[PDB]
Each structure stands twice: as structure tokens, then as C-alpha cells.
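J.: Please find one structure pasted underneath; my questions will follow.
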Amino acid sequence: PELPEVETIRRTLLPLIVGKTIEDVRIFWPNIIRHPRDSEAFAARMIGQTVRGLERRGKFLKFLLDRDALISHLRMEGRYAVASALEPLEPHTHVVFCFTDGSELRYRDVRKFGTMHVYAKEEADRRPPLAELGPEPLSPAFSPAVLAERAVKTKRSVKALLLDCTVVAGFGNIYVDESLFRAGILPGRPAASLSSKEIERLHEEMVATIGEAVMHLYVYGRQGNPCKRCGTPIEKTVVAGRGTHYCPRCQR
DNA sequence: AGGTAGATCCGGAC
DNA sequence: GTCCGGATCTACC
Ligand SMILES: [Zn+2]
């Protein structure tokens with residue numbers, strides 16, 4: 001899921017688990033657990049804590065418990081659900097948190113790409129995976145100025161810059177391509193080649209694009225179809241190592 | 001010193 | 001087999 005969906009999960013999941021106390025933690029794919037490295041220590045420390053809140057930073061969900069924070073990333077296909085311990089488990093369930101009330105928070109992920117880190121709360125923001133996370137795209141801390149500073153100092157493409165989690169938090173591939181199209185900027189453009197007028201326009205389109213979503217598509221996945229604004233066929237290439245879509249006529 | 005590219009994980013799809 | 005992907009983490013200057 002992308003940032004908008006993660007924000008929806010955060011909002012909808014909180015009420016389904018707030019106030020429940022963990023009685024057991026079962027792990028069926030140890031590799032999801034990144035800290036503590038030992039999945040048995042991860043399970044043991046969570047036992048007995050009550051869920052007090054659920055926040056989001058970028059695409060990471062931060063579960064707040066009594067003493068610890070559990071930081072989770074669903075990557076492309078992870079998903080959470082709350083259900084009864086009496087019912088059979090859905091396929092690909094790799095981590096289950098069993099609550100004292102007989103309900104469970106289940107983590108499912110066909111690809112097994114997601115990650116979980118648990119740290120004492122006061123420490124989570126200073127450790128991986130949250131440590132060097134950049135500003136939320138919809139916050140005043142993400143400004144044209146901040147984008148300009150980062151763009152000027154690198155030799156990488158504008159796309160590579162926007163995908164960098166230390167530049168802006170959790171702005172995905174789809175939003176990068178749609179934002180560049182709305183701003184009229186080619187994805188393969190060196191970040192340092194953007195003018196301040198372009199940087200400002202890029203910043204505004206990033207905010208409206210992700211803002212509209214959190215609250216169809218022009219180019220993402222529309223390879224070979226006509227551009228919705230000019231009819232020119234949308235092209236797809238590899239930029240910054242990822243599938244990249246753009247209109248050759250409208251983006252410069 | 002520290003940017004930055006390359007490697008990495010995993011299992012559907014084509 | 002091959003491709004693909006977020007955010008590390010490793011290694012090359
Ligand atoms: Zn166009």
C-alpha cells in the first residue's frame with residue numbers, strides 16, 4: 001500500500017485494537033522480524049502490553065504499546081486484519097498478535113516483504129527504520145526550500161531524489177510519476193538542473209497529488225495509451241532502477 | 001568523508 | 001527462467 005492507504009489503515013485499525021492487551025505473539029515467518037533479531041525475544045517482550053495508539057510516518061505504521069513501539073512496513077502487499085482466535089487462519093498469515101479478549105491482529109503478506117522492528121518507545125525515532133526519515137510530504141517541514149536544498153546538492157535524477165526516504169517520507173513510485181507529469185518535468189532530469197520555478201511547481205504538484213489521494217491516473221501504468229491531456233502515447237522506461245511512465249510531449 | 005550504485009528479499013506473472 | 005519492488009545494508013571511490 002501507498003501512503004494514502006497506510007493512512008486509511010491507521011485510521012481504521014486503531015479503534016479495532018486500542019485498549020486490547022497482548023497475551024501471545026505467534027510468528028510463522030521469522031524473517032519479518034528485524035529487531036530484536038531473535039523472533040522469540042520479539043514475542044516475549046510484547047506479551048502483557050496494551051495497545052495505546054497507532055501513528056504513521058511515511059508508509060511505516062507505529063503501534064504504541066505500554067513501554068514499546070512496534071514499527072511496521074507492509075511494503076507492496078502486506079495487510080492487517082482483526083478477527084476471532086476461533087476461526088481458521090487466512091493464507092499467508094505470518095505474524096499474529098493474540099489479545100486477551102480472544103481477538104487477534106493478523107499480519108498477512110503473500111510476498112513476505114514487510115518488516116517489523118520493536119524498540120522502547122523513546123528510542124524508536126532514533127533507530128532504524130525511522131531514524132533518517134525525511135518530512136511528511138503534507139507537512140510544512142517539506143518545503144520548496146528543502147526540496148531545492150536537496151536537489152542542488154546531488155547529481156542524481158529528479159525521480160531518484162523523490163524516491164529517497166531521507167528527502168521526503170514515503171512518496172511512492174506512482175505518486176512520483178503522476179507528480180512529475182502534473183509539473184511538466186521529465187523523470188530522467190538531473191535534480192540539479194531544475195530551476196526554482198520548476199522546484200516550486202514540483203513541490204506544489206507533489207502536495208496536491210498526494211493530498212487529493214489521502215483525502216484517475218495520467219501516466220502510471222498507462223504505457224501505450226494516449227495521454228489524457230494531449231493524446232500522445234504514454235511511454236515507459238527505467239529511471240532510478242524503477243518502471244517509469246511519462247508523456248514525452250508534455251514533460252520537459 | 002560520504003555520496004551513490006548494486007545487491008537483497010520473495011513468489012506471482014508472463 | 002525472468003522480471004519486479006521499498007528501504008536497507010554493503011562496497012566502491
Ligand atoms: Zn501529454
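Naming works like this for the C-alpha cells: A, B, ... for the chains as they're shown, residue 1 at the start of each chain, ligands 1 onward in shown order.
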Among stretch 66-251 of chain A, which residues does DSSP mark as strand (DSSP E) when it is run on the backbone? Keep the chain and numbering as in the structure and answer as a ChimeraX atom specification.

T.: /A:68-73,79-84,93-99,103-108,115-120,235-239,242-246

J.: When the cut-off is 9 Å and you count only C-alpha atoms (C1' of nucleotides) and all ligand atoms, which residues lie near ligand 1, shown as a VMD selection string?

T.: chain A and resid 181 218 to 219 226 to 234 246 to 251

J.: May I have the residues of chain C within 10 Å of chain A, counting only C-alpha atoms (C1' of nucleotides), written as a JSON list (two decimals) with N, CA, C and O atoms (P, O5', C5', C4', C3', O3' and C1' of nucleotides), in the first residue's frame?

T.:
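The resulting file, part.json, is shown below:
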```
[["chain", "number", "residue", "atom", "x", "y", "z"],
["C", 4, "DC", "P", 11.85, -5.38, -15.13],
["C", 4, "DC", "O5'", 11.06, -5.25, -13.77],
["C", 4, "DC", "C5'", 9.69, -5.59, -13.74],
["C", 4, "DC", "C4'", 9.16, -5.41, -12.34],
["C", 4, "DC", "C3'", 9.97, -4.40, -11.54],
["C", 4, "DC", "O3'", 9.16, -3.32, -11.15],
["C", 4, "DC", "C1'", 9.77, -6.51, -10.34],
["C", 5, "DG", "P", 9.82, -2.00, -10.56],
["C", 5, "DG", "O5'", 9.53, -2.12, -8.99],
["C", 5, "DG", "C5'", 8.21, -2.19, -8.48],
["C", 5, "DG", "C4'", 8.25, -2.51, -7.01],
["C", 5, "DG", "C3'", 9.17, -1.58, -6.22],
["C", 5, "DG", "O3'", 8.62, -1.42, -4.94],
["C", 5, "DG", "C1'", 9.90, -3.78, -5.93],
["C", 6, "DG", "P", 7.63, -0.19, -4.66],
["C", 6, "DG", "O5'", 7.79, -0.03, -3.08],
["C", 6, "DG", "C5'", 8.61, 0.94, -2.56],
["C", 6, "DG", "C4'", 8.83, 0.66, -1.09],
["C", 6, "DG", "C3'", 9.67, 1.76, -0.49],
["C", 6, "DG", "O3'", 9.17, 2.03, 0.80],
["C", 6, "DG", "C1'", 10.94, -0.29, -0.61],
["C", 7, "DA", "P", 9.74, 3.25, 1.62],
["C", 7, "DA", "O5'", 11.06, 2.65, 2.27],
["C", 7, "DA", "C5'", 10.94, 1.54, 3.14],
["C", 7, "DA", "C4'", 12.31, 0.98, 3.44],
["C", 7, "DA", "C3'", 13.37, 1.97, 3.91],
["C", 7, "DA", "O3'", 13.96, 1.31, 5.04],
["C", 7, "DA", "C1'", 14.21, 0.66, 2.14],
["C", 8, "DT", "P", 14.95, 2.07, 5.98],
["C", 8, "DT", "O5'", 16.20, 2.28, 5.04],
["C", 8, "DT", "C5'", 17.47, 1.78, 5.43],
["C", 8, "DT", "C4'", 17.39, 0.29, 5.72],
["C", 8, "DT", "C3'", 18.77, -0.27, 6.06],
["C", 8, "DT", "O3'", 18.72, -1.24, 7.11],
["C", 8, "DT", "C1'", 18.05, -1.07, 3.91]]
```

J.: I need the residue nearest residue B:9 from this list: A:236, A:112, A:252, A:150. Use only C-alpha atoms (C1' of nucleotides) for the distance.

T.: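 Comparing A:236, A:112, A:252, A:150 against residue B:9, the winner is A:112.
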
J.: Could the residues of chain B that have an atom at most 10 Å from chain A be listed as JSON lines, each with its closest atom pair and the distance in Å to one decimal, counting only C-alpha atoms (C1' of nucleotides) and ordered by chain and ascending residue number?

T.:
```
{"residue": "B:3", "atom": "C1'", "partner": "A:154", "partner_atom": "CA", "distance": 8.2}
{"residue": "B:4", "atom": "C1'", "partner": "A:156", "partner_atom": "CA", "distance": 8.6}
{"residue": "B:9", "atom": "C1'", "partner": "A:113", "partner_atom": "CA", "distance": 6.6}
{"residue": "B:10", "atom": "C1'", "partner": "A:111", "partner_atom": "CA", "distance": 5.2}
{"residue": "B:11", "atom": "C1'", "partner": "A:111", "partner_atom": "CA", "distance": 6.0}
{"residue": "B:12", "atom": "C1'", "partner": "A:111", "partner_atom": "CA", "distance": 8.6}
```

J.: What does the structure give for the distance between atom CA of residue A:120 and atom CA of residue A:37, in Å to one decimal?

T.: 14.7 Å

J.: Which distance in Å separates atom CA of residue A:1 and atom CA of residue A:134, to one decimal?

T.: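 According to the coordinates, atom CA of residue A:1 and atom CA of residue A:134 are separated by 18.9 Å.
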
J.: Using Å and a single decimal, report how far atom CA of residue A:148 sits from atom CA of residue A:199.

T.: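 So the answer is 6.4 Å.
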
J.: Within 7 Å of residue A:105, counting only C-alpha atoms (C1' of nucleotides), which residues qualify if same-chain residues fewer than 4 places away don't, as a list in words?

T.: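 Listing them by chain and then by number gives residues 80, 81, 82, 83, 96, 97 and 98 of chain A.
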